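The chain contents come next:
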Amino acid sequence: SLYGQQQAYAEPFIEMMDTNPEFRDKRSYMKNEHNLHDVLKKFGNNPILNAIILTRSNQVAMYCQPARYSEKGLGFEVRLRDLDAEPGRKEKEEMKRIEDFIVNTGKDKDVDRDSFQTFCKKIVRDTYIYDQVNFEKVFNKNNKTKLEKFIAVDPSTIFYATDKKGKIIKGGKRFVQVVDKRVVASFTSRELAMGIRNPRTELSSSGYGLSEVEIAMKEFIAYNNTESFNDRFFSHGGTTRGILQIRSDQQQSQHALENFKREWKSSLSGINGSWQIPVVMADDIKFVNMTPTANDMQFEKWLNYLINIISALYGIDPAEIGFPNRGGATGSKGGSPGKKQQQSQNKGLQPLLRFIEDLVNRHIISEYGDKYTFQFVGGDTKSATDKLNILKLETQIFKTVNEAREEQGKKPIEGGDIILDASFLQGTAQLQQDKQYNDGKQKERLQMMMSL
Amino acid sequence: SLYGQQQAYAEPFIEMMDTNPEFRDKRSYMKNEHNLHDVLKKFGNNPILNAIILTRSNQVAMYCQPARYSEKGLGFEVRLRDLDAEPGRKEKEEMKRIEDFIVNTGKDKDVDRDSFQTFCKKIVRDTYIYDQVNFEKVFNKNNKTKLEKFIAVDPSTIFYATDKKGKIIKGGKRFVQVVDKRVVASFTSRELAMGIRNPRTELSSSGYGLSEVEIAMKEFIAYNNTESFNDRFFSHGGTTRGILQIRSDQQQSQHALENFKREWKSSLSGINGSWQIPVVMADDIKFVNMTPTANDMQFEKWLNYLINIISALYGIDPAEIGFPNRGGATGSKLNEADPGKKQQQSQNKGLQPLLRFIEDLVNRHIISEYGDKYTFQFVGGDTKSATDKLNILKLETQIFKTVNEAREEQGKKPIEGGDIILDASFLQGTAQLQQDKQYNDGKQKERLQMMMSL
């Protein structure tokens, strides 16, 4: 079963003729193709797709460091789930250990291992080429319960394992690694993650993702063709401006024509000849124009249209990648945190972050139990000025001088323990007199009782 | 009956020729077609439709996390229905358990199961291709009353079951799953949800939805045709600029012409020849122009028009997805969304229906297992910074709260000299009442002294 025991079928009921009984083929949407990822691999050098992949992975890479050590607060943090909890002495150390483990991508430091930055760049590339991310989790050999490493794996090699009955295996070796159409490794669901951004209920989708390269493939081909078309003017074209027709009773001999070429080049070529005019006395002379006087690129609008579509599918502004955004160029105003940057982050960048977070939470942190959470966190506008303004209000509303000083680690002072509000002091000054009056009243009552 | 016992007929009175007596066919609007979803499946790879599905699903995905654990408050929450109620000790834990269940899409954690994000993405795709969402509810095998999982199911496989009398079944196995025109499963109303965005009273609609792909189908075909037209210039066309006519008393032999081609290419081709001019002494030479000097795409306006219609049907801005809006960009217009003029309206139009629909399904089908006291809602963020909370309390402490009540609500110890409102007039009042007491005390003591004297 794909997910679990269910009475609705979630896979093709009749076993389709997969090339191998042991794994599910990555069939194209129309089933016209069974080796889709080897098709997509040919586009991994596409300049537009790589410009997108690089801009996204560069943006993501800024978040890879822990926020804990980043004084601006920008980065990631490992946190307790409940916002209301205060972490225990051991919990704070466990959270710091998990952060360090993530940074190092493993228990020990090892310069030969990918950093978390390299891991994130890898899986971003994999999402945007294949829409499939895989990383293996390696447990300690002596203690299978202890996680030691996680390493990203080539998604083109990972396939769903299938039972002899053509059903996808659950509980067993759910995944296999296939190289040269033989199984070179196998994995449980515990040992290998799979992440997909564009899921489908479609039975024949067989649980695989859906690459934007597949959807946009016609556009990419059209792009390639128009680029080659515009380039071939130089590479293969005739740039010849025109034909100089000279005509007389009979054509000149080849010798005559070649020494006419010598007179020409010796009199008119380069800078040296540049402003001289030939005199020629042929019976008639004509020049036939074969090209436009001013050549430029063609199909610019077509290109813009294509790239606008591809950008809309990927969720990126064409102007982010050096194209006009058709229609979108008008307006795009905003306010507030940068007017446009904030929404251009919303478009795409936030989903990718939350996808990475989801993968990490499901696969890694779950080894440590549900009390913790991994989240990326942006900065805050909480400078010393802002914190002092906030506390300047809290000290009217809540905080005595000594509570504030204690929060700074500064010794409480005699004459603290007071709210900085004149009404509070007028109250205490009233109550003091009230106390001294009641003391007098009660003492005089007692003295009267003793007199009687 | 479709809904229930009623004296008005809600279905075609004469049984229409369904392919199978056992289930109602998904007839096309005009009944020109009986396998409509197999038609629509061919459009599921359309780039425009996929751009819409991906943008909407990505927007929805951000709400999938619980608000409880999300410090910006953005996500979903499970809540009591009444705003006036205060949750009991057990209710808070039950709500947290239900939230966790939703996140996990089931009782236990299982990496093999869809997350809520994947579920929402799936059902969004299903709504916009088919206008039909289905997910099965799986109960515990030992206790049929205990829900364990809910899983999204391929809507193209789900059909209404029909009695032998052609009536839609109610109370029994209302639904069947059909694969290869054989029944592979059956379901009660209890076990499978159906949600539809575009209902119709039309008797022959038989309770099925209405896909925008059906309505827009002509536009999608026109789009495909114009795209193929523009592409075929390279793929299949003659790009030939023109014909060089050279003319003399008789045509050259083929050998002569091929060594003329050799003189030409050896003298004029590529960068090497790029600025040389041939001299030719034919009797006459002419060049016939067969194409425009400057080619570009055609029917761009037609494309914009088509996509404008499709966008208007789906409820999305053309300019969200890289097309001109033929409603002028300044005509589209203290806040109601995330910042930015473009996004606020398309946010309203797309998300608020879609979100409220997803909520509707969750509430009717899942939460109803726990009874009506709870409600599921998506929630946006809030403008409740420390500054705003301090401003609010700075007013509440003038209007309501003594220092000690405020501090206690923070869990901070009450202070001697609290229990007072922070207003000078309040203290002047209490100082008055104090003097009043001291006066009445004096009066009463002097009354007592006179009475004892008297």
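Residues numbered from 1 in each chain as written, not as in the entry; some residues may be left out. Chains lettered and ligands numbered in written order. Part of a larger assembly, values for the part shown. Heavy atoms only, no water. Residues with missing side-chain atoms left out of burial classes, pairs and counts.

**Section: unusual backbone geometry**
(1) Moving on: With a phi angle near 55°, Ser206 of chain A is a residue other than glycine that sits in the positive phi range.
(2) Moving on: Assignment of secondary structure puts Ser206 of chain A in the loop between β7 (192-195) and α5 (212-215).
(3) Moving on: Here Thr105 of chain B, not a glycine, exhibits a phi torsion of approximately 65°, which is positive.
(4) Moving on: Within the secondary structure, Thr105 of chain B sits in the loop between α3 (89-104) and α4 (116-130).
(5) Moving on: Judged by its relative accessible area of 1%, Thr105 of chain B falls in the buried class. (Helix = DSSP H or I, 4+ residues; strand = E, 2+ residues; numbered from the N terminus. Buried < 20%, exposed > 50% of the residue type's maximum accessible area, 1.4 Å probe, protein only.)

**Observations concerning the side chain of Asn198 of chain B**
Residue and element names in this part refer to chain B.
(1) Moving on: Within the secondary structure, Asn198 is located in the loop between β7 (192-195) and α5 (212-215).
(2) Moving on: At 3.3 Å, the side chain of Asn198 forms a polar contact with the side chain of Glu212.
(3) Moving on: Each residue touching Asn198, except ones within four places of it in the same chain, is listed here: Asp131, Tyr208, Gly209, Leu210 and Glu212. (Polar contact = N/O pair within 3.5 Å; in protein donor to acceptor, adjacent residues only side chain to side chain. Contact = heavy atoms within 4.5 Å.)

**Comments concerning the UniProt feature "binding site: Zn(2+)" (unreviewed entry) in chain B**
(1) Moving on: Mapped onto the present numbering, the UniProt feature "binding site: Zn(2+)" (unreviewed entry) falls at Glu263 of chain B.
(2) Moving on: You can see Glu263 of chain B is positioned in helix α7 (residues 254-268). (UniProt positions renumbered as here; feature names shortened; annotations may be inferred.)

**Considering a nonpolar patch on the surface**
All names here are of chain B.
(1) Moving on: On the surface, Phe229, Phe299, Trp302 and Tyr305 cluster together into a nonpolar patch covering about 420 Å² of accessible area.
(2) Moving on: Counting through the fold element by element, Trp302 comes out in helix α8 (residues 300-314).
(3) Moving on: Under the relative-accessibility criterion, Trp302 is labelled partly exposed at 39%. (Patch = residues over 30% accessible without salt bridge, like charges linked within 9 Å, V, L, I, M, F, W, Y side chains within 5 Å. Areas by Shrake-Rupley, 256 points an atom, 1.4 Å probe, with all protein chains shown as cover. Salt bridge = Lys/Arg side-chain N within 4 Å of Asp/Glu carboxyl O.)

**Concerning α3 of chain B**
All names here are of chain B.
(1) Moving on: In this model, α3 (16 residues) spans 23 Å end to end at C-alpha, consistent with the 22 Å of a helix rising 1.5 Å per residue.
(2) Moving on: When we look at burial in α3, the residues that qualify are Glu91, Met95, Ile98, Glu99, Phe101, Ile102 and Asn104.
(3) Moving on: As for α3, its buried residues are in contact with β1 (75-80), α4, β3 (147-153) and β11 (374-379). (Expected span 1.5 Å × (residues − 1).)

**Some details on the interface of chain A and chain B**
(1) Moving on: Taken together, the contact pairs 115 residues of chain A with 121 residues of chain B.
(2) Moving on: Residue classes in the side of chain A that touches chain B are distributed as 42 nonpolar, 40 polar and 33 charged. (Nonpolar A, V, L, I, M, F, W, Y, C, P; charged D, E, K, R; others polar.)

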